[PDB]
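What follows is a set of notes on a single structure, which appears directly below.
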Amino acid sequence: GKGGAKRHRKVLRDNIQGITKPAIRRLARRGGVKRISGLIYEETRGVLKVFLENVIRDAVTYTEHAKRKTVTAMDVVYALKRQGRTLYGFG
Amino acid sequence: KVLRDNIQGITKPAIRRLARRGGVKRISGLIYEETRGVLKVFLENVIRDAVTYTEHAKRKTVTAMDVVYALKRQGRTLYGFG
Amino acid sequence: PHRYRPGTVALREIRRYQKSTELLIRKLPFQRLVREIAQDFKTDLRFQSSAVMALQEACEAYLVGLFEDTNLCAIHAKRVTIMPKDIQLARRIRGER
Amino acid sequence: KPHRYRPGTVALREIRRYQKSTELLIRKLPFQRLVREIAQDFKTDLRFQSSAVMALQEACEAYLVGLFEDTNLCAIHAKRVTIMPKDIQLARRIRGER
Amino acid sequence: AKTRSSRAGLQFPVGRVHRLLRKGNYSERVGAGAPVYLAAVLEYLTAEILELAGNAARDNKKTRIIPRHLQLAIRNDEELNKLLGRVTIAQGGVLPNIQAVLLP
Amino acid sequence: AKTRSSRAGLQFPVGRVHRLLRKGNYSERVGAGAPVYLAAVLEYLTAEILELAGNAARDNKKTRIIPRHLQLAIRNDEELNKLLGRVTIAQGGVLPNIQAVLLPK
Amino acid sequence: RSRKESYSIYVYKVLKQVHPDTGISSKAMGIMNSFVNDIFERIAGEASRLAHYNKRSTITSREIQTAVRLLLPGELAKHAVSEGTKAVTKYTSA
Amino acid sequence: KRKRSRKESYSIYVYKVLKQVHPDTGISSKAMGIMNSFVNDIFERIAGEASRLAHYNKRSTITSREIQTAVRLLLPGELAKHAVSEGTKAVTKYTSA
Amino acid sequence: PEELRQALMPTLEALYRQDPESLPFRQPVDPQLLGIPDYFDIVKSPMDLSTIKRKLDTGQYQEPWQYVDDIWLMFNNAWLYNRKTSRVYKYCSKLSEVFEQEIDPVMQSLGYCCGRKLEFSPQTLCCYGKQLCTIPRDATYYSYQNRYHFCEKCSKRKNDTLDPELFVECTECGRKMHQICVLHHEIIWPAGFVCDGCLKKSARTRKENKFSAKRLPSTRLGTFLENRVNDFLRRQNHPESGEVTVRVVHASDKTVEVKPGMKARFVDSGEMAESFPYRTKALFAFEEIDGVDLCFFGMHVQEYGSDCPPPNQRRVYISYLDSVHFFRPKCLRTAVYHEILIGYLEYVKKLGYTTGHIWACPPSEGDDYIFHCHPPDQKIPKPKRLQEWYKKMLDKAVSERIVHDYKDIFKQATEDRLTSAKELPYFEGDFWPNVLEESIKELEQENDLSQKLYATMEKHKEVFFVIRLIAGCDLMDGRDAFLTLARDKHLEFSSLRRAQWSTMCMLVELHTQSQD
DNA sequence: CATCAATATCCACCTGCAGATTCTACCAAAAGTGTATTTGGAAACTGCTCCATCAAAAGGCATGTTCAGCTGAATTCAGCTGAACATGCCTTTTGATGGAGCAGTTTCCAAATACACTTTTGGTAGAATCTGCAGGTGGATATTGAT
DNA sequence: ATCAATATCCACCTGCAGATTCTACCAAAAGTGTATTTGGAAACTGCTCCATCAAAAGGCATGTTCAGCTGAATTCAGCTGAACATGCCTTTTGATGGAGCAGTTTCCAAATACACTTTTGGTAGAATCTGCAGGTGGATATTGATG
């Protein structure tokens with residue numbers, strides 16, 4: 001194998017913390033937020049996770065019906081449409 | 001008869017009682033007018049669809065069926081009327 | 001003269017109107033308002049009694065939900081009195097406006 | 001005395017910069033790892049399309065921007081300029097998902 | 001001479017829901033087990049809501065189920081409330097719920 | 001001889017809309033003028049949204065419509081904003097707005 | 001007079017199976033009928049949509065099971081799926 | 001082999017619509033996809049509303065009147081009125097064509 | 001041994017100063033340290049650049065080709081032991097490129113041609129049991145005594161090997177010199193091989209090569225082609241252009257037999273002849289580059305005389321054609337091809353031939369018509385551009401009033417009031433007889449033949465070209481023998497030196513076959 | 001409150017690049033017209049249920065007034081925790097590359113219609129009996145404000 | 001700490017609109033045995049594209065400091081809460097001409113269902129074109145800081 005270059009990158013389990021501080025700050029700024037409390041970040045991470053539990057569950061349930069285990073962008077388009085959050089550009 | 005100006009018929013103690021159902025203790029003076037206005041807006045939203053349903057059905061009277069269908073298509077599903 | 005503290009009667013009314021389910025707004029003024037709005041939209045219309053009851057119940061439900069949102073916003077602002085600003089805040093967040 | 005802008009000028013400057021721009025703000029790989037682990041939480045050995053990850057990213061940032069706008073309005077309503085957990089909790093409760 | 005409703009053993013009519021599916025023109029073909037599954041799901045939901053309403057009436061010392069009992073049953077169940085989040089129950093009212101701050 | 005769209009003075013294909021209505025299982029029967037009316041409505045909506053997008057692009061000193069221009073066109077019109085209040089535009093962003101309280105002095 | 005279908009007797013039978021000694025008000029039965037009707041409508045519509053995306057022109061048990069999983073959350077969804085599976089296997093076993 | 005994938009889109013039609021409106025303006029691939037998705041979504045919504053209206057009124061045929069009613073129901077006021085007028089003119093001149 | 005060291009430190013220090021590319025090769029490969037215990041299982045020669053330095057300092061290399069072989073063996077080991085996606089593979093590729101750039105001037109400074117390790121392309125074998133099939137490349141194959149080969153459907157190993165180039169030892173200085181680079185043949189110079197440096201040291205010159213295309217037997221067609229090409233080159237007056245010699249090396253009389261289906265349908269009725277006699281001719285164009293004859297174009301044609309039964313009377317058909325993009329200059333190569341084909345069309349029309357047929361069938365990928373092992377950088381023309389090139393050929397031909405007009409085969413058949421397949425020309429190896437037999441078979445499972453012929457002609461009307469000229473050696477018997485000889489003798493045309501070596505090899509073979 | 005000055009940013013501009021635009025030819029997929037068949041909602045008439053209107057005795061919140069205690073708003077000041085910055089560093093993206101799945105293709109057997117018979121049965125007209133909480137009566141019992 | 005005035009929960013009796021229990025129908029369902037059709041069960045496969053590894057850099061995690069953001073304590077004009085007098089606007093009972101809703105008949109323009117010739121659009125490869133992202137040289141407020 002060789003290579004002589006590797007890294008543990010022990011962030012796989014806690015990928016919820018993988019959403020960086022500047023990323024959350026930029027998302028808050030795009031919403032017009034001027035000042036951010038210190039406890040906002042983990043709560044927004046949890047909200048993002050909850051949104052994932054809402055959307056990807058429907059996407060996966062759609063995926064298995066087509067005798068497939070590869071999620072398609074059309075499936076998540078339908079998942080967002082059925083929740084009142086229809087997304088354009090991926091039709 | 002084209003009757004007009006019954007918005008005062010939305011009784012102020014009636015609004016107070018409705019807010020009592022909403023768990024509110026204290027009500028300011030302008031809350032009654034604001035609730036009357038938002039109720040009027042909701043009435044505009046619902047009666048428009050109800051009258052459109054009545055017109056499409058060749059009818060001259062408004063039935064509860066069209067009202068509940070309009071409310072349910074408006075995201076305000078109502079039961080008790082089929 | 002016996003007088004209750006300002007608030008005790010409010011709690012009593014809140015409990016009474018949360019325990020009950022009978023419609024609170026008067027029937028005749030609401031029916032007249034519905035008639036006036038229909039006339040403003042399209043003349044010579046008729047309304048069934050069941051349609052009026054459904055409209056009334058839906059209106060009470062929507063206003064009760066709005067009152068919940070307004071009360072929660074007022075408590076959020078360290079206040080017990082509801083003001084119109086809470087109402088437009090709730091309506092803007094709900095997306096109706 | 002090094003130059004130092006007070007909080008509020010450069011803050012609004014970057015707010016305007018991010019509001020006039022449309023590029024993605026969430027990095028691709030960490031969000032992809034999060035979405036993959038959440039997917040395998042329901043069914044193991046799943047596969048993802050790039051366009052699917054793009055759609056997830058767009059939906060997530062759009063929803064988060066909407067939520068942050070709601071929190072900003074809530075904070076301004078409470079005579080404040082900083083969003084705090086009570087603001088977002090109230091916004092989520094009155095939105096209807098909670 | 002055995003009807004399909006008795007064969008399935010379910011209270012909900014399989015043939016009637018099959019006819020309703022046919023009439024709505026959801027698709028040009030409808031499977032044989034589709035009305036059975038719809039009847040089973042609807043009967044399960046009805047049984048759950050009815051037993052919850054009966055229990056709520058029992059706490060209310062009432063042997064007749066009323067729409068107030070329906071509201072008590074639906075709004076006290078988290079997932080059932082989520083299912084009927086945008087649905088209003090006629091003559092149901094609201095649950096008794098007041099914040100601790102409002103209490104003196 | 002002449003296509004239905006050309007006969008009705010429309011750009012969108014009438015027969016294609018008729019076929020989509022047929023295979024979409026909306027109703028057992030579909031009329032001849034229903035696809036024409038629907039194509040006309042879609043044509044009006046498309047013309048309005050594209051002209052608004054072009055106005056936004058020429059305001060932004062750009063000659064090609066981008067999703068940002070589409071967001072500017074859709075959201076700046078409160079009527080279309082009400083039409084698409086529950087739809088998010090990909091790569092569209094948000095309108096530049098600053099709260100009065102957050103403004104300096 | 002036009003026939004007006006209602007699920008009154010089936011709801012009454014379910015009650016007698018669950019609560020033999022409990023009464024029903026007329027308003028409550030209408031609410032039950034409306035709930036059954038709109039739940040059935042939602043399930044059938046979303047199942048038809050799902051068949052439409054996958055280019056399926058037949059409504060089978062899989063689509064409606066997926067619809068139940070999508071609409072009903074958690075325990076009710078799993079219970080409905082289990083009862084539907086046993087019902088369909090009993091139907092195909094007879 | 002006959003392995004040529006085929007997919008439906010309104011790209012050429014919206015392109016000709018643009019040249020009918022803005023001859024000197026182009027469309028990007030992302031913008032084209034957004035427009036196609038918007039057209040598909042609005043078509044699905046309006047057609048489903050028309051089908052719902054026809055089913056409610058025990059109507060097995062889809063005509064222009066129910067589509068106009070659906071447009072009035074869901075499309076916004078000025079937009080709905082203009083779309084109704086243009087559709088009426090189009091169908092009227094198609095009838096005489 | 002100090003001279004070889006003084007020559008070899010520069011290239012190796014140039015390799016060393018490439019950091020961090022050369023870092024992994026500075027130390028011996030340690031399996032336990034690097035966690036690769038399977039290194040010794042695959043690699044049989046564990047040694048490194050430090051060992052090369054030690055051997056160079058101690059004078060272990062008697063001559064630099066040993067060092068070149070060692071460094072190329074290390075490159076091959078690094079390439080085989082690691083996948084091309086790995087860092088070590090790309091570092092080894094970079095070091096190999098640097099070594100190739102650096103060694104050539106240094107290696108030439110000692111009097112050698114170059115310091116490159118050159119290996120031939122894999123040699124596709126041929127089957128023996130079936131006597132018609134071949135051994136596929138990059139696939140499992142069977143061998144026995146290294147002489148008999150069998151395929152899957154006719155020792156189990158996979159055919160992925162590279163054949164290194166041969167070496168010739170100098171008679172005077174004793175150096176090992178490549179056969180290809182200086183183009184040395186034992187038959188041409190039986191006295192021995194002398195390097196250029198030794199010849200220049202003694203003011204001597206290499207013996208004149210009489211195994212050349214210019215000394216081949218002369219033919220009227222070849223002479224006409226060569227003088228026309230020379231006149232065209234003189235008119236162009238290109239400084240890079242040289243002298244072109246065209247010789248016809250094959251000319252024999254053959255007969256083509258009617259296929260069984262056509263024989264049963266028409267020949268048995270007394271309407272068509274049993275066979276059509278014809279004369280086949282093969283000619284090649286040779287050019288002098290750097291004083292070396294090089295083959296760059298070739299042709300295979302069938303000529304039907306007046307004695308041939310109709311409808312093949314006065315018809316010529318191009319069975320195959322090939323070209324190599326090594327003609328100088330590059331721009332005038334296409335023009336020279338124009339002149340060669342126009343010269344051929346003028347010669348056949350002067351003889352008396354009235355009709356010409358061209359099949360525009362580009363070679364498939366991995367397939368060669370005449371010249372085996374086409375260069376990798378030579379793009380295979382597409383059918384559309386080939387048809388455009390043929391149209392330009394026809395336009396240039398009519399511009400000189402040599403060809404009256406040109407039409408497609410469908411248009412020619414329409415003008416020739418064709419009503420049956422009998423009127424079409426019958427050529428050996430042509431696609432038309434095969435498709436006619438296929439149509440006959442299809443009718444067997446099911447004017448029908450005429451309808452199928454018309455449909456096929458309209459489908460492939462742009463492929464076949466019909467030219468109206470008049471209006472109003474067993475080694476070259478076919479293209480199979482030459483290709484087989486080139487494959488067996490590794491006569492590749494993938495490079496200028498390899499093409500020149502193959503040209504001399506085929507010239508020597510023809511000269512030896514001439515004398516019996 | 002007027003201006004020395006570093007810096008993010010807009011236009012004046014430009015030159016290089018991936019994508020949108022232009023063109024010719026191919027070919028399978030729509031598509032209008034014609035012919036024959038089927039149908040379902042508009043007109044035409046008519047029975048009837050419940051919408052709107054009228055009328056009067058009556059009451060319980062509707063309307064208005066009066067007294068006042070908390071309460072949001074205003075003010076002031078203090079602990080402090082995020083914002084902006086400089087620094088060290090580090091995780092990401094794209095390019096390149098093996099095979100894991102996704103439809104295209106071909107067979108064809110289990111499964112869903114059409115419709116002709118044959119049969120259970122759900123509102124529902126019709127009337128007599130059981131049933132459970134609306135309403136009223138009375139006195140036990142927490143609740144609360146300030147005696 | 002105790003006490004008097006109120007609203008709350010509750011036991012109990014009674015008239016009655018509504019929930020529940022009998023009898024017969026019948027047509028809209030509901031059930032069942034062939035002829036037919038067809039979305040789909042199932043296997044081998046060409047073709048996409050999905051998982052994985054190495055370097056560049058566009059960024060990300062950490063320590064510092066501070067005047068503003070937020071939070072705690074105090075007071076007040078008033079207004080909405082609580083109480084009460086007056087009453088009037090809505091309730092319910094009962095009846096009614098009739099506009100309007102819906103049951104039944106007929107059938108002709110509209111839609112269905114192929115067959116077919118007509119045309120029409122999405123894709124693959126060619127090669128010219130072009131709107132747009134950076135960045136270097138100005139250069140333009142602007143805000144923090146100096147005065």
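Ligands are numbered from 1 in the order shown, residues from 1 within each chain, and chains are lettered A, B, ... in the order they appear in the structure tokens.
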
Quick one: which chain E residues come within 12 Å of chain F, and what is the nearest atom pair for each with the distance in Å to one decimal, counting only C-alpha atoms, rows ordered by chain and ascending number, as a tab-separated table?
```
residue	atom	partner	partner_atom	distance
E:22	CA	F:28	CA	11.0
E:23	CA	F:28	CA	9.7
E:24	CA	F:27	CA	8.3
E:25	CA	F:25	CA	6.1
E:26	CA	F:25	CA	6.1
E:27	CA	F:25	CA	5.8
E:28	CA	F:25	CA	7.1
E:29	CA	F:25	CA	10.5
```

- Surrounding residues of residue 30 of chain D excluding itself and chain neighbours under 2 positions, 9 Å, only C-alpha atoms (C1' of nucleotides), as a list in words: residues 11, 12, 15, 16, 17, 18, 19 and 20 of chain A; 26, 27, 28, 32, 33, 34 and 35 of chain D

Limited to N, CA, C and O atoms, could you put the picked residues into a file as a PDB file, in the first residue's frame?
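Output saved as selection_25.pdb:
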```
ATOM      1  N   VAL A  11     -14.152  12.196  13.193  1.00  0.00           N
ATOM      2  CA  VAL A  11     -15.273  13.129  13.181  1.00  0.00           C
ATOM      3  C   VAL A  11     -16.480  12.455  12.545  1.00  0.00           C
ATOM      4  O   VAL A  11     -17.550  13.061  12.420  1.00  0.00           O
ATOM      5  N   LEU A  12     -16.312  11.196  12.138  1.00  0.00           N
ATOM      6  CA  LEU A  12     -17.364  10.451  11.453  1.00  0.00           C
ATOM      7  C   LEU A  12     -18.596  10.278  12.334  1.00  0.00           C
ATOM      8  O   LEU A  12     -19.726  10.454  11.868  1.00  0.00           O
ATOM      9  N   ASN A  15     -20.653  13.850  13.213  1.00  0.00           N
ATOM     10  CA  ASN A  15     -20.776  14.716  12.046  1.00  0.00           C
ATOM     11  C   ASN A  15     -21.775  15.846  12.260  1.00  0.00           C
ATOM     12  O   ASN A  15     -21.797  16.791  11.464  1.00  0.00           O
ATOM     13  N   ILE A  16     -22.602  15.769  13.305  1.00  0.00           N
ATOM     14  CA  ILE A  16     -23.487  16.885  13.628  1.00  0.00           C
ATOM     15  C   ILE A  16     -22.669  18.105  14.036  1.00  0.00           C
ATOM     16  O   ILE A  16     -23.038  19.248  13.737  1.00  0.00           O
ATOM     17  N   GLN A  17     -21.543  17.882  14.719  1.00  0.00           N
ATOM     18  CA  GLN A  17     -20.613  18.966  15.003  1.00  0.00           C
ATOM     19  C   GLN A  17     -19.759  19.315  13.792  1.00  0.00           C
ATOM     20  O   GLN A  17     -19.022  20.306  13.832  1.00  0.00           O
ATOM     21  N   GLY A  18     -19.841  18.522  12.721  1.00  0.00           N
ATOM     22  CA  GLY A  18     -19.099  18.817  11.509  1.00  0.00           C
ATOM     23  C   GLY A  18     -19.527  20.095  10.821  1.00  0.00           C
ATOM     24  O   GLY A  18     -18.750  20.657  10.043  1.00  0.00           O
ATOM     25  N   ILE A  19     -20.744  20.566  11.089  1.00  0.00           N
ATOM     26  CA  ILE A  19     -21.201  21.851  10.576  1.00  0.00           C
ATOM     27  C   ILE A  19     -20.411  22.941  11.287  1.00  0.00           C
ATOM     28  O   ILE A  19     -20.601  23.183  12.484  1.00  0.00           O
ATOM     29  N   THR A  20     -19.519  23.599  10.553  1.00  0.00           N
ATOM     30  CA  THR A  20     -18.536  24.489  11.149  1.00  0.00           C
ATOM     31  C   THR A  20     -19.188  25.751  11.707  1.00  0.00           C
ATOM     32  O   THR A  20     -20.287  26.152  11.312  1.00  0.00           O
TER      33      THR A  20
ATOM     34  N   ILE D  26     -22.745  25.765   3.406  1.00  0.00           N
ATOM     35  CA  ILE D  26     -22.398  24.526   4.094  1.00  0.00           C
ATOM     36  C   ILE D  26     -21.414  23.740   3.241  1.00  0.00           C
ATOM     37  O   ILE D  26     -21.635  23.541   2.040  1.00  0.00           O
ATOM     38  N   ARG D  27     -20.322  23.294   3.855  1.00  0.00           N
ATOM     39  CA  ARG D  27     -19.322  22.524   3.133  1.00  0.00           C
ATOM     40  C   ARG D  27     -19.886  21.162   2.733  1.00  0.00           C
ATOM     41  O   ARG D  27     -20.673  20.549   3.459  1.00  0.00           O
ATOM     42  N   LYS D  28     -19.458  20.690   1.562  1.00  0.00           N
ATOM     43  CA  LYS D  28     -20.092  19.536   0.929  1.00  0.00           C
ATOM     44  C   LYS D  28     -19.860  18.252   1.721  1.00  0.00           C
ATOM     45  O   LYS D  28     -20.799  17.495   1.990  1.00  0.00           O
ATOM     46  N   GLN D  32     -22.487  15.907   3.722  1.00  0.00           N
ATOM     47  CA  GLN D  32     -22.664  14.611   3.079  1.00  0.00           C
ATOM     48  C   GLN D  32     -22.484  13.473   4.077  1.00  0.00           C
ATOM     49  O   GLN D  32     -23.245  12.501   4.063  1.00  0.00           O
ATOM     50  N   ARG D  33     -21.484  13.578   4.953  1.00  0.00           N
ATOM     51  CA  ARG D  33     -21.292  12.552   5.974  1.00  0.00           C
ATOM     52  C   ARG D  33     -22.473  12.503   6.936  1.00  0.00           C
ATOM     53  O   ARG D  33     -22.936  11.417   7.308  1.00  0.00           O
ATOM     54  N   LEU D  34     -22.978  13.671   7.341  1.00  0.00           N
ATOM     55  CA  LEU D  34     -24.136  13.711   8.230  1.00  0.00           C
ATOM     56  C   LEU D  34     -25.357  13.076   7.575  1.00  0.00           C
ATOM     57  O   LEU D  34     -26.056  12.259   8.190  1.00  0.00           O
ATOM     58  N   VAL D  35     -25.624  13.429   6.315  1.00  0.00           N
ATOM     59  CA  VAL D  35     -26.802  12.893   5.642  1.00  0.00           C
ATOM     60  C   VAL D  35     -26.637  11.399   5.384  1.00  0.00           C
ATOM     61  O   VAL D  35     -27.610  10.642   5.465  1.00  0.00           O
TER      62      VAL D  35
END
```

- Query: For chain I, which of K:92, K:127, K:135, K:53 is the closest residue, counting only C-alpha atoms (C1' of nucleotides)?
  - Reply: K:53

- Message: With only C-alpha atoms (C1' of nucleotides) as the counted atoms, please give the residues lying no more than 10 Å from segment 36-45 of chain H, apart from itself and same-chain residues fewer than 2 positions off, as a PyMOL selection string.
- Response: (chain A and resi 77+81+86-91) or (chain F and resi 17+20-21+24+38-39+41-43+45-46+83-84+87+89) or (chain H and resi 8-11+14+30-34+47-51+70+74-75)

- Members of chain E assigned helix (DSSP H, G or I) by DSSP, as a PyMOL selection string: chain E and resi 4-8+14-23+33-59+67-75+78-83

Restrict the calculation to only C-alpha atoms, then for each residue of chain C with any atom at most 7 Å from an atom of chain E give the closest atom pair and their distance in Å to one decimal, rows by chain and rising residue number, as JSON lines.
```
{"residue": "C:18", "atom": "CA", "partner": "E:96", "partner_atom": "CA", "distance": 5.3}
{"residue": "C:19", "atom": "CA", "partner": "E:96", "partner_atom": "CA", "distance": 6.5}
{"residue": "C:20", "atom": "CA", "partner": "E:93", "partner_atom": "CA", "distance": 6.9}
{"residue": "C:21", "atom": "CA", "partner": "E:93", "partner_atom": "CA", "distance": 4.5}
{"residue": "C:22", "atom": "CA", "partner": "E:91", "partner_atom": "CA", "distance": 6.7}
{"residue": "C:57", "atom": "CA", "partner": "E:90", "partner_atom": "CA", "distance": 6.7}
{"residue": "C:61", "atom": "CA", "partner": "E:88", "partner_atom": "CA", "distance": 6.9}
```

- Message: Could you tell me which residues of chain A sit within 10 Å of chain K when counting only C-alpha atoms (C1' of nucleotides), and give me the result as a PyMOL selection string?
- Response: chain A and resi 3+5+20-23+35+70

Atoms kept (C-alpha atoms) for selection, written as a PDB file, in the first residue's frame:
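Just written: again_7.pdb:
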```pdb
ATOM      1  CA  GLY A   3       1.601   6.050   0.714  1.00  0.00           C
ATOM      2  CA  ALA A   5       0.220   9.760   4.540  1.00  0.00           C
ATOM      3  CA  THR A  20     -18.536  24.489  11.149  1.00  0.00           C
ATOM      4  CA  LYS A  21     -18.888  27.663  13.209  1.00  0.00           C
ATOM      5  CA  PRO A  22     -18.414  29.975  10.171  1.00  0.00           C
ATOM      6  CA  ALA A  23     -21.055  27.975   8.284  1.00  0.00           C
ATOM      7  CA  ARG A  35     -25.935  39.022  17.027  1.00  0.00           C
ATOM      8  CA  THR A  70     -29.808   4.569  -4.293  1.00  0.00           C
TER       9      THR A  70
END
```

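If you look at atom CA of residue 23 of chain B and atom CA of residue 79 of chain C, they are 13.7 Å away from each other.
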
- Using DSSP on the backbone coordinates, identify all residues within segment 9-104 of chain F classified as strand (DSSP E); present the result as a count of residues only. 6

- Item | Interface, chain C side, toward chain B (7 Å; only C-alpha atoms) as a PyMOL selection string | chain C and resi 7+10-11+13-14+17-18+24-25+29+33+36+38+45-48+50-51+54+58+64+67-68+71+80-84

Would you export the selected residues with N, CA and C atoms as a compact mmCIF listing (two decimals), in the first residue's frame, please?
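File written: out14.txt
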```txt
# COMPACT_ATOMS: atom_id res chain seq x y z
N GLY C 7 -57.37 39.81 38.02
CA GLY C 7 -56.73 38.60 37.54
C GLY C 7 -57.45 37.32 37.93
N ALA C 10 -60.13 36.66 35.65
CA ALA C 10 -59.55 36.25 34.37
C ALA C 10 -59.21 34.76 34.37
N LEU C 11 -58.59 34.28 35.46
CA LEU C 11 -58.31 32.85 35.57
C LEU C 11 -59.60 32.04 35.60
N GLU C 13 -62.50 32.79 34.20
CA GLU C 13 -63.03 32.76 32.84
C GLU C 13 -62.20 31.86 31.93
N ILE C 14 -60.87 31.88 32.07
CA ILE C 14 -60.02 31.01 31.26
C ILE C 14 -60.36 29.55 31.52
N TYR C 17 -63.96 28.72 30.06
CA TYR C 17 -64.04 28.65 28.61
C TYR C 17 -63.05 27.66 27.99
N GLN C 18 -62.11 27.13 28.78
CA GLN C 18 -61.32 25.99 28.34
C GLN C 18 -61.97 24.66 28.69
N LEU C 24 -68.83 30.68 21.26
CA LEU C 24 -68.81 31.89 22.06
C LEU C 24 -69.30 33.13 21.33
N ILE C 25 -69.05 33.25 20.03
CA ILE C 25 -69.45 34.43 19.27
C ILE C 25 -70.94 34.34 18.97
N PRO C 29 -74.97 38.36 14.60
CA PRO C 29 -74.00 39.29 13.99
C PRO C 29 -73.05 38.62 13.02
N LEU C 33 -72.70 39.47 9.08
CA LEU C 33 -71.42 39.81 8.48
C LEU C 33 -71.12 38.93 7.28
N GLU C 36 -73.17 40.19 4.44
CA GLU C 36 -72.63 41.42 3.86
C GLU C 36 -71.42 41.14 2.99
N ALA C 38 -70.77 38.30 1.41
CA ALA C 38 -71.25 37.65 0.19
C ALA C 38 -71.85 38.67 -0.77
N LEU C 45 -77.24 35.89 -3.04
CA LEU C 45 -76.78 34.60 -2.56
C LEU C 45 -77.57 34.17 -1.33
N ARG C 46 -77.60 32.86 -1.10
CA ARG C 46 -78.29 32.27 0.03
C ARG C 46 -77.33 31.37 0.78
N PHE C 47 -77.54 31.25 2.09
CA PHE C 47 -76.65 30.49 2.96
C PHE C 47 -77.45 29.46 3.76
N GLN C 48 -76.99 28.22 3.74
CA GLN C 48 -77.57 27.19 4.57
C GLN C 48 -77.15 27.38 6.03
N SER C 50 -76.27 25.04 8.12
CA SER C 50 -75.07 24.24 8.36
C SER C 50 -73.82 24.95 7.86
N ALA C 51 -73.91 25.65 6.73
CA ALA C 51 -72.77 26.42 6.23
C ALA C 51 -72.38 27.52 7.21
N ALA C 54 -70.64 25.90 10.17
CA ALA C 54 -69.28 25.49 9.82
C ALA C 54 -68.35 26.70 9.76
N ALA C 58 -65.16 27.20 12.29
CA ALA C 58 -63.82 27.37 11.74
C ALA C 58 -63.23 28.71 12.15
N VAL C 64 -58.88 31.13 17.94
CA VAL C 64 -58.31 30.54 19.15
C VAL C 64 -56.84 30.21 18.94
N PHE C 67 -54.99 33.35 19.07
CA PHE C 67 -54.89 33.81 20.46
C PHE C 67 -53.81 33.04 21.21
N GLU C 68 -53.69 31.73 20.97
CA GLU C 68 -52.58 30.97 21.53
C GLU C 68 -51.24 31.56 21.11
N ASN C 71 -50.72 35.01 22.82
CA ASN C 71 -50.41 34.87 24.24
C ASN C 71 -48.99 34.36 24.44
N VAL C 80 -47.77 40.33 30.17
CA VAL C 80 -49.03 39.62 30.34
C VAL C 80 -50.14 40.23 29.50
N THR C 81 -50.00 41.47 29.04
CA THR C 81 -50.99 42.13 28.21
C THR C 81 -50.67 41.89 26.75
N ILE C 82 -51.67 41.51 25.97
CA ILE C 82 -51.50 41.29 24.54
C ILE C 82 -51.75 42.60 23.80
N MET C 83 -50.90 42.87 22.81
CA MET C 83 -50.95 44.07 22.00
C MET C 83 -50.91 43.67 20.53
N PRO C 84 -51.40 44.54 19.63
CA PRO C 84 -51.49 44.16 18.21
C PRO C 84 -50.17 43.73 17.60
```

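Closest approach to residue 37 of chain F among H:76, H:69, H:20, H:64: H:64, based on only C-alpha atoms.
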